[PDB]
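Visitor: Below is the structure I would like to discuss, written out as structure tokens.
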Amino acid sequence: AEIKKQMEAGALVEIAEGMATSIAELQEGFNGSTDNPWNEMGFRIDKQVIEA
Amino acid sequence: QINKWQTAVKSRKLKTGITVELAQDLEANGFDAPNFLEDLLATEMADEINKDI
Amino acid sequence: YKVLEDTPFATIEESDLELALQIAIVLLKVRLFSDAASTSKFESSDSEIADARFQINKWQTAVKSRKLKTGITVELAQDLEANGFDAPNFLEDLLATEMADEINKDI
Amino acid sequence: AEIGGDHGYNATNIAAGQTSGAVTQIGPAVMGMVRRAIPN
Amino acid sequence: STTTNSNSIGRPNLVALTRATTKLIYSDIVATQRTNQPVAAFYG
Amino acid sequence: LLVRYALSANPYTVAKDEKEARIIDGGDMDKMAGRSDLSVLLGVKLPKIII
Amino acid sequence: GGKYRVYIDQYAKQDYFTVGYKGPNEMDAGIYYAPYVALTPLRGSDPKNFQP
Amino acid sequence: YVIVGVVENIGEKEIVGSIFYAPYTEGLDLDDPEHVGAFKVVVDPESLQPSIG
């Protein structure tokens, strides 16, 4: 609730940003760099069972 | 008399490594990026061959 | 560089180290080490391969101006025709020539 | 290895085509232009 | 008064590209023919 | 008449100020002057012509 | 009213509407989204373990 | 320095000179084989950018 109030107020507002090229380009240790892995994702596939 | 002069062939090896972002910028800026890389290595190697000879 | 003879430079009095080296090459005390690698060098499973590098820099300038003016009094222009000249062409040649000359000087 | 590098997001450097990487750019070129509308 | 001080330029004309490379000449210096084996052996 | 041109220095011509830079002013003779490998100058010292 | 194209902000944080203008000519945008490279796939595998 | 030497070819086998270079391409499948040498591209498994040598 407090956060929404600050948003309404224009004090703190919703944002999204693209990555700097200077950082994105050298991800995963390119050219001697480190501690910079790509963000990643996949899926699960779970199960649910019933009985009569 | 017949004598022989022999030697094994020896190797030279070069690599560059151009990021995809760099290749894209090279294309945007008027450079044939995939051929640019090959010319860089081929030229550098050929120059090193001349130095060796 | 590689040493062909032990204690290379022992017999080279030259103090300028760079030239002492050129002398060592000529005298076969030292040889340029440049050479191809034994094949084992790059099949080791841990191989340092020399990097090729490049850089593209640019040079830039603005286009600048030169300007000339003459102007010929009507009576003078009429006199040029009277005297055997093509007055309007005389004038373009004068300015064009003076400018072309100034371009040559600049270059 | 060679990289594209990036801009400092400093419009001065952008206009000039400067990068922290291997290749200096000609320039942003043209994405079109906006001419102010004429009132009725 | 509108002058070139107002004009803003999109891009410079790149005009020319120069690659400073060694003229490579070895062809006229070393006699040569291809080897089709890992070892070459010339007869004297 | 009006004539226009840039008359710039060729690439790899660099002033001994910046020494290495991405963008080099191809004009700015005040810094670029005397530092180019595409042209080499030698002056000549001669006795004068009698006038 | 046959006048405004209404879109739902499916993730709105509070409750609000924004009225905006867009002309037939994309330069008359207000805000631009100007893609350069769209979804380039990159593929490979780890030669140590050959997993893609 | 100044160096002098010889390059002769009197046909088939009679090839004479100091430093024969004599490149070895046999076994490589080459486009434009006169190139002498072969290129390889890998592409990293961590970064996904190309690597050519």
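Residues are named by chain letter and number: chains run A, B, ... in the order of the structure tokens, numbers start at 1 in each chain, and ligands are numbered from 1 in the order shown.
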Can you tell me, as an MDAnalysis selection string, what residues are no more than 10 Å from region 16-26 of chain D when counting only C-alpha atoms, ignoring any on the same chain fewer than 2 positions away?

Guide: (chainID A and resid 22) or (chainID B and resid 18 22:23 25:26 28:30) or (chainID C and resid 53:60) or (chainID D and resid 1:14 28:29) or (chainID E and resid 10:14) or (chainID F and resid 21:23)

Visitor: For those residues, write C-alpha atoms to a file as a PDB file, in the first residue's frame.

Guide:
```
ATOM      1  CA  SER A  22      29.004  -2.849 -22.559  1.00  0.00           C
TER       2      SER A  22
ATOM      3  CA  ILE B  18      34.685 -10.845 -32.573  1.00  0.00           C
ATOM      4  CA  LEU B  22      30.923  -6.054 -32.871  1.00  0.00           C
ATOM      5  CA  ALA B  23      30.093  -7.874 -36.066  1.00  0.00           C
ATOM      6  CA  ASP B  25      28.363  -2.710 -35.601  1.00  0.00           C
ATOM      7  CA  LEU B  26      30.865  -3.430 -38.343  1.00  0.00           C
ATOM      8  CA  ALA B  28      26.172  -1.066 -39.770  1.00  0.00           C
ATOM      9  CA  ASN B  29      29.258   1.007 -40.292  1.00  0.00           C
ATOM     10  CA  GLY B  30      29.848  -0.251 -43.856  1.00  0.00           C
TER      11      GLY B  30
ATOM     12  CA  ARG C  53      43.644  -7.610 -32.983  1.00  0.00           C
ATOM     13  CA  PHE C  54      42.240  -4.621 -34.741  1.00  0.00           C
ATOM     14  CA  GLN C  55      41.106  -1.096 -34.269  1.00  0.00           C
ATOM     15  CA  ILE C  56      39.200   1.351 -36.424  1.00  0.00           C
ATOM     16  CA  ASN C  57      39.790   5.064 -35.762  1.00  0.00           C
ATOM     17  CA  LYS C  58      38.399   7.991 -37.673  1.00  0.00           C
ATOM     18  CA  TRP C  59      39.576  11.306 -38.891  1.00  0.00           C
ATOM     19  CA  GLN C  60      37.128  14.100 -39.585  1.00  0.00           C
TER      20      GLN C  60
ATOM     21  CA  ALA D   1      39.001 -10.612 -27.856  1.00  0.00           C
ATOM     22  CA  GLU D   2      37.478  -7.752 -29.777  1.00  0.00           C
ATOM     23  CA  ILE D   3      34.296  -6.037 -28.663  1.00  0.00           C
ATOM     24  CA  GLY D   4      31.738  -3.489 -29.911  1.00  0.00           C
ATOM     25  CA  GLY D   5      31.961  -1.746 -26.586  1.00  0.00           C
ATOM     26  CA  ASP D   6      29.446   0.904 -25.919  1.00  0.00           C
ATOM     27  CA  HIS D   7      28.711   4.502 -25.593  1.00  0.00           C
ATOM     28  CA  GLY D   8      28.821   6.413 -22.333  1.00  0.00           C
ATOM     29  CA  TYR D   9      25.260   7.580 -23.186  1.00  0.00           C
ATOM     30  CA  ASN D  10      26.785  11.041 -23.389  1.00  0.00           C
ATOM     31  CA  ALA D  11      25.041  12.625 -26.361  1.00  0.00           C
ATOM     32  CA  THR D  12      28.311  14.407 -27.238  1.00  0.00           C
ATOM     33  CA  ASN D  13      30.080  11.075 -27.687  1.00  0.00           C
ATOM     34  CA  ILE D  14      27.111   9.568 -29.384  1.00  0.00           C
ATOM     35  CA  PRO D  28      24.013   7.843 -36.104  1.00  0.00           C
ATOM     36  CA  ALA D  29      22.986   8.915 -39.624  1.00  0.00           C
TER      37      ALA D  29
ATOM     38  CA  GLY E  10      23.398  13.846 -39.715  1.00  0.00           C
ATOM     39  CA  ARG E  11      26.687  12.202 -40.561  1.00  0.00           C
ATOM     40  CA  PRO E  12      30.010  12.952 -42.247  1.00  0.00           C
ATOM     41  CA  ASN E  13      30.790  11.279 -45.509  1.00  0.00           C
ATOM     42  CA  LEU E  14      33.218   8.436 -44.678  1.00  0.00           C
TER      43      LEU E  14
ATOM     44  CA  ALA F  21      42.341   8.556 -29.809  1.00  0.00           C
ATOM     45  CA  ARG F  22      39.211   7.205 -31.480  1.00  0.00           C
ATOM     46  CA  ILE F  23      38.432  10.529 -33.182  1.00  0.00           C
TER      47      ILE F  23
END
```

Visitor: When you get a sec, could you note down which chain G residues fall within 12 Å of chain A, using only C-alpha atoms, as number ranges by chain?

Guide: G: 11-16, 33, 35

Visitor: Output N, CA and C atoms of each residue in that selection to a file, as an mmCIF file, in the first residue's frame.

Guide:
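Result file is selection13.cif:
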```
data_model
loop_
_atom_site.group_PDB
_atom_site.id
_atom_site.type_symbol
_atom_site.label_atom_id
_atom_site.label_comp_id
_atom_site.auth_asym_id
_atom_site.auth_seq_id
_atom_site.Cartn_x
_atom_site.Cartn_y
_atom_site.Cartn_z
ATOM 1 N N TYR G 11 -1.650 -5.359 -16.415
ATOM 2 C CA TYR G 11 -0.847 -5.417 -15.211
ATOM 3 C C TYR G 11 -0.837 -4.103 -14.443
ATOM 4 N N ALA G 12 -1.857 -3.264 -14.618
ATOM 5 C CA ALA G 12 -1.888 -1.977 -13.918
ATOM 6 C C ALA G 12 -1.737 -2.169 -12.423
ATOM 7 N N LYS G 13 -0.913 -1.332 -11.790
ATOM 8 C CA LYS G 13 -0.713 -1.445 -10.348
ATOM 9 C C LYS G 13 -1.840 -0.876 -9.511
ATOM 10 N N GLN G 14 -2.407 0.260 -9.915
ATOM 11 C CA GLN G 14 -3.486 0.811 -9.110
ATOM 12 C C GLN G 14 -4.800 0.882 -9.869
ATOM 13 N N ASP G 15 -5.014 1.990 -10.578
ATOM 14 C CA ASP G 15 -6.217 2.203 -11.372
ATOM 15 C C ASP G 15 -6.060 3.545 -12.081
ATOM 16 N N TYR G 16 -5.995 3.523 -13.402
ATOM 17 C CA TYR G 16 -5.716 4.807 -14.079
ATOM 18 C C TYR G 16 -5.922 4.665 -15.571
ATOM 19 N N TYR G 33 9.807 3.094 -30.377
ATOM 20 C CA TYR G 33 10.488 1.808 -30.062
ATOM 21 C C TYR G 33 11.176 1.465 -31.383
ATOM 22 N N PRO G 35 13.696 -1.000 -33.103
ATOM 23 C CA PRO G 35 14.502 -2.188 -33.065
ATOM 24 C C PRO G 35 15.582 -2.158 -34.097
#
```

Visitor: Between CA of residue 3 (chain G) and CA of residue 40 (chain D), what is the distance, to one decimal in Å?

Guide: 21.9 Å

Visitor: Identify which of the residues C:23, C:30, C:63, C:12 lies closest to chain E, counting only C-alpha atoms when measuring atom-to-atom distances.

Guide: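 Smallest separation from chain E among the options: C:63.
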
Visitor: Step one, run DSSP on the backbone; step two, keep only residues of chain C assigned to strand (DSSP E or B); then write them as a VMD selection string.

Guide: chain C and resid 2 to 3 30 to 31 37 50 to 51 56 58 to 60 64 to 67

Visitor: How would the residues just picked look written out with N, CA and C atoms as a PDB file, in the first residue's frame?

Guide:
```pdb
ATOM      1  N   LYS C   2      67.297 -15.871 -30.173  1.00  0.00           N
ATOM      2  CA  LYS C   2      67.903 -17.045 -29.565  1.00  0.00           C
ATOM      3  C   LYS C   2      69.414 -17.007 -29.651  1.00  0.00           C
ATOM      4  N   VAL C   3      70.056 -17.471 -28.594  1.00  0.00           N
ATOM      5  CA  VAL C   3      71.503 -17.479 -28.539  1.00  0.00           C
ATOM      6  C   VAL C   3      72.123 -18.698 -29.221  1.00  0.00           C
ATOM      7  N   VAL C  30      73.665 -14.556 -32.163  1.00  0.00           N
ATOM      8  CA  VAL C  30      72.249 -14.558 -31.878  1.00  0.00           C
ATOM      9  C   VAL C  30      71.461 -14.663 -33.176  1.00  0.00           C
ATOM     10  N   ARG C  31      70.383 -15.444 -33.185  1.00  0.00           N
ATOM     11  CA  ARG C  31      69.538 -15.473 -34.406  1.00  0.00           C
ATOM     12  C   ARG C  31      68.119 -15.020 -34.070  1.00  0.00           C
ATOM     13  N   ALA C  37      55.941 -23.274 -35.139  1.00  0.00           N
ATOM     14  CA  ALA C  37      55.989 -24.142 -33.990  1.00  0.00           C
ATOM     15  C   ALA C  37      56.008 -25.604 -34.333  1.00  0.00           C
ATOM     16  N   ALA C  50      48.234 -17.049 -30.422  1.00  0.00           N
ATOM     17  CA  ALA C  50      48.383 -15.610 -30.486  1.00  0.00           C
ATOM     18  C   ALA C  50      47.106 -14.979 -31.019  1.00  0.00           C
ATOM     19  N   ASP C  51      46.720 -13.880 -30.384  1.00  0.00           N
ATOM     20  CA  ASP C  51      45.545 -13.124 -30.761  1.00  0.00           C
ATOM     21  C   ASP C  51      45.825 -12.150 -31.878  1.00  0.00           C
ATOM     22  N   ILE C  56      39.574   0.409 -35.384  1.00  0.00           N
ATOM     23  CA  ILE C  56      39.200   1.351 -36.424  1.00  0.00           C
ATOM     24  C   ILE C  56      38.960   2.753 -35.851  1.00  0.00           C
ATOM     25  N   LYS C  58      38.761   7.134 -36.551  1.00  0.00           N
ATOM     26  CA  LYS C  58      38.399   7.991 -37.673  1.00  0.00           C
ATOM     27  C   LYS C  58      38.943   9.382 -37.553  1.00  0.00           C
ATOM     28  N   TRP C  59      39.130   9.953 -38.716  1.00  0.00           N
ATOM     29  CA  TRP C  59      39.576  11.306 -38.891  1.00  0.00           C
ATOM     30  C   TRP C  59      38.466  12.113 -39.505  1.00  0.00           C
ATOM     31  N   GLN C  60      38.188  13.292 -38.968  1.00  0.00           N
ATOM     32  CA  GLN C  60      37.128  14.100 -39.585  1.00  0.00           C
ATOM     33  C   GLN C  60      37.375  15.588 -39.560  1.00  0.00           C
ATOM     34  N   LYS C  64      35.270  23.769 -45.550  1.00  0.00           N
ATOM     35  CA  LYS C  64      35.492  25.203 -45.398  1.00  0.00           C
ATOM     36  C   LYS C  64      35.305  25.970 -46.709  1.00  0.00           C
ATOM     37  N   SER C  65      35.261  27.312 -46.638  1.00  0.00           N
ATOM     38  CA  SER C  65      35.004  28.130 -47.831  1.00  0.00           C
ATOM     39  C   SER C  65      36.079  29.112 -48.296  1.00  0.00           C
ATOM     40  N   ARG C  66      36.100  29.352 -49.617  1.00  0.00           N
ATOM     41  CA  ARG C  66      36.942  30.378 -50.223  1.00  0.00           C
ATOM     42  C   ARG C  66      36.002  31.255 -51.045  1.00  0.00           C
ATOM     43  N   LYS C  67      36.231  32.566 -51.087  1.00  0.00           N
ATOM     44  CA  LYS C  67      35.368  33.397 -51.922  1.00  0.00           C
ATOM     45  C   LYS C  67      36.094  34.596 -52.547  1.00  0.00           C
TER      46      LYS C  67
END
```

Visitor: Report as a count of residues only the set of chain D residues whose atoms approach chain G to within 12 Å, with distances computed over only C-alpha atoms.

Guide: 7

Visitor: I need the contact residues of chain F against chain E, so if you could list those with any atom within 9 Å, counting only C-alpha atoms, and return them as a list in words, that would help.

Guide: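 Result: residues 10, 11 and 12 of chain F.
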
Visitor: Please dump the current selection as a PDB file, in the first residue's frame; keep N, CA, C and O atoms.

Guide:
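Generated file (out-v3.pdb):
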```pdb
ATOM      1  N   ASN F  10      45.166  12.565 -44.011  1.00  0.00           N
ATOM      2  CA  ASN F  10      44.823  11.167 -44.195  1.00  0.00           C
ATOM      3  C   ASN F  10      44.858  10.436 -42.852  1.00  0.00           C
ATOM      4  O   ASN F  10      45.660  10.801 -41.984  1.00  0.00           O
ATOM      5  N   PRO F  11      44.086   9.360 -42.669  1.00  0.00           N
ATOM      6  CA  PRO F  11      44.178   8.504 -41.533  1.00  0.00           C
ATOM      7  C   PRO F  11      45.575   8.032 -41.289  1.00  0.00           C
ATOM      8  O   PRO F  11      46.410   7.919 -42.192  1.00  0.00           O
ATOM      9  N   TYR F  12      45.786   7.815 -40.009  1.00  0.00           N
ATOM     10  CA  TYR F  12      46.997   7.472 -39.304  1.00  0.00           C
ATOM     11  C   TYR F  12      47.865   8.694 -39.067  1.00  0.00           C
ATOM     12  O   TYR F  12      48.918   8.583 -38.441  1.00  0.00           O
TER      13      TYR F  12
END
```

Visitor: CA of residue 41 (chain E) and CA of residue 42 (chain B) are how many Å apart?

Guide: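 Rounded to one decimal, the two atoms are 27.5 Å apart.
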
Visitor: Taking only C-alpha atoms into account, report as a ChimeraX atom specification which residues of chain B lie within 9 Å of chain A.

Guide: /B:19-22

Visitor: Quick check, in Å to one decimal: how far apart do CA of residue 27 (chain F) and CA of residue 6 (chain F) lie?

Guide: 8.1 Å

Visitor: Determine which residues of chain E sit within 7 Å of chain H, taking into account only C-alpha atoms, and present them as JSON, numbers by chain.

Guide: {"E": [29, 30, 31, 32, 33, 34, 35, 36, 37]}

Visitor: Select, as a compact mmCIF listing (two decimals) with N, CA, C and O atoms, in the first residue's frame, those residues of chain B with any atom no more than 12 Å from chain H (distances computed using only C-alpha atoms).

Guide:
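As written to disk, out32.txt reads:
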```txt
# COMPACT_ATOMS: atom_id res chain seq x y z
N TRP B 5 67.94 -33.45 -47.87
CA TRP B 5 67.63 -32.36 -46.96
C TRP B 5 66.18 -32.38 -46.57
O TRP B 5 65.31 -32.07 -47.38
N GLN B 6 65.92 -32.70 -45.31
CA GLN B 6 64.54 -32.86 -44.92
C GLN B 6 64.17 -32.17 -43.65
O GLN B 6 65.00 -32.01 -42.76
N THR B 7 62.91 -31.84 -43.55
CA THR B 7 62.36 -31.22 -42.35
C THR B 7 60.86 -31.39 -42.28
O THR B 7 60.17 -31.48 -43.30
N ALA B 8 60.36 -31.45 -41.06
CA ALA B 8 58.94 -31.56 -40.83
C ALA B 8 58.26 -30.25 -41.07
O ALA B 8 58.85 -29.19 -40.90
N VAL B 9 56.99 -30.31 -41.43
CA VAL B 9 56.28 -29.08 -41.59
C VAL B 9 55.89 -28.62 -40.20
O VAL B 9 55.48 -29.43 -39.36
N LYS B 10 56.03 -27.34 -39.95
CA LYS B 10 55.70 -26.74 -38.67
C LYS B 10 54.49 -25.86 -38.79
O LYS B 10 54.10 -25.48 -39.90
N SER B 11 53.86 -25.52 -37.67
CA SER B 11 52.61 -24.78 -37.71
C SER B 11 52.58 -23.37 -37.14
O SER B 11 53.33 -23.00 -36.22
N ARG B 12 51.66 -22.58 -37.68
CA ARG B 12 51.40 -21.24 -37.18
C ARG B 12 49.92 -21.22 -36.87
O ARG B 12 49.12 -21.76 -37.64
N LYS B 13 49.53 -20.55 -35.80
CA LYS B 13 48.10 -20.50 -35.51
C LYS B 13 47.68 -19.17 -34.89
O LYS B 13 48.24 -18.73 -33.89
N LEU B 14 46.65 -18.56 -35.49
CA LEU B 14 46.06 -17.29 -35.02
C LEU B 14 44.59 -17.36 -34.78
O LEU B 14 43.85 -18.04 -35.49
N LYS B 15 44.13 -16.58 -33.81
CA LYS B 15 42.70 -16.44 -33.57
C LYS B 15 42.35 -14.99 -33.33
O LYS B 15 43.20 -14.24 -32.87
N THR B 16 41.11 -14.61 -33.60
CA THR B 16 40.70 -13.24 -33.28
C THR B 16 39.63 -13.29 -32.21
O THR B 16 39.93 -13.28 -31.02
N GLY B 17 38.40 -13.43 -32.64
CA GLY B 17 37.26 -13.46 -31.75
C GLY B 17 36.62 -12.10 -31.78
O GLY B 17 37.18 -11.11 -31.29
N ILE B 18 35.48 -12.04 -32.41
CA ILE B 18 34.68 -10.85 -32.57
C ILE B 18 33.31 -11.11 -32.04
O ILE B 18 32.65 -12.03 -32.51
N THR B 19 32.85 -10.30 -31.11
CA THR B 19 31.53 -10.57 -30.58
C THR B 19 30.48 -10.35 -31.63
O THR B 19 30.72 -9.72 -32.67
N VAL B 20 29.28 -10.85 -31.37
CA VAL B 20 28.23 -10.66 -32.32
C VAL B 20 27.88 -9.19 -32.39
O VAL B 20 27.57 -8.69 -33.46
N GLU B 21 27.95 -8.48 -31.25
CA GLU B 21 27.66 -7.07 -31.25
C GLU B 21 28.65 -6.32 -32.12
O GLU B 21 28.26 -5.45 -32.88
N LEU B 22 29.93 -6.70 -32.05
CA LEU B 22 30.92 -6.05 -32.87
C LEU B 22 30.68 -6.34 -34.33
O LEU B 22 30.80 -5.43 -35.15
N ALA B 23 30.35 -7.58 -34.68
CA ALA B 23 30.09 -7.87 -36.07
C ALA B 23 28.93 -7.04 -36.58
O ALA B 23 28.99 -6.52 -37.70
N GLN B 24 27.89 -6.89 -35.76
CA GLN B 24 26.72 -6.11 -36.14
C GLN B 24 27.10 -4.64 -36.33
O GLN B 24 26.65 -4.01 -37.29
N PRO B 34 31.91 -10.53 -41.75
CA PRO B 34 32.46 -11.87 -41.82
C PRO B 34 33.69 -11.96 -42.69
O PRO B 34 34.62 -12.71 -42.37
N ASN B 35 33.81 -11.08 -43.69
CA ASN B 35 35.00 -11.15 -44.50
C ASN B 35 36.08 -10.34 -43.85
O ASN B 35 37.25 -10.65 -44.00
N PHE B 36 35.69 -9.33 -43.08
CA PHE B 36 36.63 -8.49 -42.38
C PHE B 36 37.44 -9.38 -41.47
O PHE B 36 38.67 -9.33 -41.49
N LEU B 37 36.76 -10.20 -40.67
CA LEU B 37 37.49 -11.06 -39.76
C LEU B 37 38.44 -11.94 -40.55
O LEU B 37 39.62 -12.07 -40.18
N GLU B 38 37.96 -12.61 -41.60
CA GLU B 38 38.88 -13.50 -42.29
C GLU B 38 40.07 -12.74 -42.88
O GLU B 38 41.20 -13.23 -42.79
N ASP B 39 39.86 -11.54 -43.43
CA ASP B 39 40.97 -10.76 -43.96
C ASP B 39 41.94 -10.39 -42.87
O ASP B 39 43.15 -10.43 -43.07
N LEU B 40 41.44 -10.06 -41.68
CA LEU B 40 42.34 -9.71 -40.60
C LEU B 40 43.28 -10.85 -40.30
O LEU B 40 44.50 -10.66 -40.26
N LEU B 41 42.73 -12.04 -40.09
CA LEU B 41 43.60 -13.16 -39.77
C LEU B 41 44.47 -13.57 -40.92
O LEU B 41 45.65 -13.88 -40.73
N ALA B 42 43.91 -13.62 -42.12
CA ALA B 42 44.66 -14.04 -43.28
C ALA B 42 45.80 -13.09 -43.57
O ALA B 42 46.90 -13.53 -43.92
N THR B 43 45.54 -11.79 -43.41
CA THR B 43 46.53 -10.77 -43.67
C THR B 43 47.61 -10.84 -42.63
O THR B 43 48.80 -10.81 -42.97
N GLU B 44 47.21 -10.89 -41.36
CA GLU B 44 48.18 -10.96 -40.23
C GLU B 44 49.04 -12.21 -40.40
O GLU B 44 50.26 -12.11 -40.18
N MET B 45 48.44 -13.33 -40.80
CA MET B 45 49.20 -14.54 -40.95
C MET B 45 50.15 -14.39 -42.10
O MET B 45 51.33 -14.68 -41.96
N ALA B 46 49.67 -13.90 -43.23
CA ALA B 46 50.52 -13.76 -44.39
C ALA B 46 51.70 -12.85 -44.09
O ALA B 46 52.82 -13.10 -44.53
N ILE B 49 54.11 -14.77 -42.09
CA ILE B 49 54.82 -15.70 -42.97
C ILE B 49 55.97 -14.98 -43.63
O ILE B 49 57.07 -15.52 -43.70
N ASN B 50 55.72 -13.76 -44.12
CA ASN B 50 56.79 -12.98 -44.74
C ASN B 50 57.88 -12.66 -43.75
O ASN B 50 59.06 -12.76 -44.10
N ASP B 52 58.77 -14.50 -41.23
CA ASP B 52 59.49 -15.75 -41.03
C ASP B 52 60.40 -16.04 -42.22
O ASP B 52 61.58 -16.32 -42.05
N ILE B 53 59.88 -15.94 -43.43
CA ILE B 53 60.71 -16.24 -44.57
C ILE B 53 61.90 -15.34 -44.65
O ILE B 53 63.01 -15.81 -44.89
```
